[PDB]
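Here's the letter readout for the chains.
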Amino acid sequence: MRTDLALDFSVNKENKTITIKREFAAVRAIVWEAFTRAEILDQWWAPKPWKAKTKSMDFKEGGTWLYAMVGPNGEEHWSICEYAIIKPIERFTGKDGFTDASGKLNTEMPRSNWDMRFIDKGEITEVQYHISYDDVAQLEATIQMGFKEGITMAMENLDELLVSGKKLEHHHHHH
């Protein structure tokens, strides 16, 4: 019976598409700023809690965002995204490409589509994610583990992150 912090997702294996819907108690302004900086996203987004490092981020219509997550011992993951249209905070789409290192991008790794939509419902902001790409086997393993680890880490990290952003630290409350 919870209203805010709602979690709902649907996957269509036949159509090979992934739909994730989430509801948070915050204005589009604050939410948009969170997706406008990879540093903020690194705080919660990007599963595998360890060390995330953004190689570069050019805020431009034809700009691109390159980042790679680093895990424990031997384990690294590289990814790259290309922005096509920015458009007002309303809604926009981009492209998600897989990377194995720097920008080698192997042929066995097809590009993926990821459209981002921001809907403002009064004092509650709702965000809809649309991701779809080939490689069903990898999709089933990445979505199952990514969804379980992503929502658990995102829910815990996001909860603390929202509190820090909203309630600003000032001094200890006493007397």
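Residues numbered from 1 in each chain as written, not as in the entry; some residues may be left out. Heavy atoms only, no water.

- The record lists solution NMR as the method behind this PDB entry.

### A closer look at the overall build of the chain
Thought 1: From N to C terminus, the chain includes three helices and eight strands.
Thought 2: Here the C-alpha radius of gyration of the chain, 17 Å, is about what a compact globule of 175 residues would show, namely 16 Å.
Thought 3: Principal-axis analysis of the C-alpha atoms places the extent of the chain at approximately 65 × 35 × 35 Å.
Thought 4: Residues classed as buried in the chain amount to 27% of the 175 residues present. (Helix = DSSP H or I, 4+ residues; strand = E, 2+ residues; numbered from the N terminus. Rg over C-alpha atoms; globule rule 2.2 N^0.38 Å. Buried < 20%, exposed > 50% of the residue type's maximum accessible area, 1.4 Å probe, protein only.)

### Topic: helix α1 (residues 28–35)
Thought 1: Buried within α1 are the following residues: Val31, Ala34 and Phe35. Looking down the long axis of α1, one finds its buried residues gathered within 95° of arc, a one-sided arrangement.
Thought 2: Along its buried surface, α1 packs onto α2 (38–44), β7 (112–121) and β8 (124–132). (Arc of directions from axis to C-beta. Contact = heavy atoms within 4.5 Å.)

### Digging into the packing of aromatic side chains
Thought 1: Tallying each qualifying case throughout the model produces nine aromatic pairs.
Thought 2: Ring centres of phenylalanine 35 and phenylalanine 118 lie 5.5 Å apart, and the angle between their planes is 65°; on these two criteria the pair is classed as edge-to-face. In this pair, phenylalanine 35 is assigned in helix α1 and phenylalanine 118 in strand β7, connecting sequence segments 83 residues apart. Summarising the burial analysis for this pair, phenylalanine 35 and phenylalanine 118 share the class buried. (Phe/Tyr/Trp six-rings, centres within 6.5 Å; stacked < 30°, edge-to-face > 60°.)

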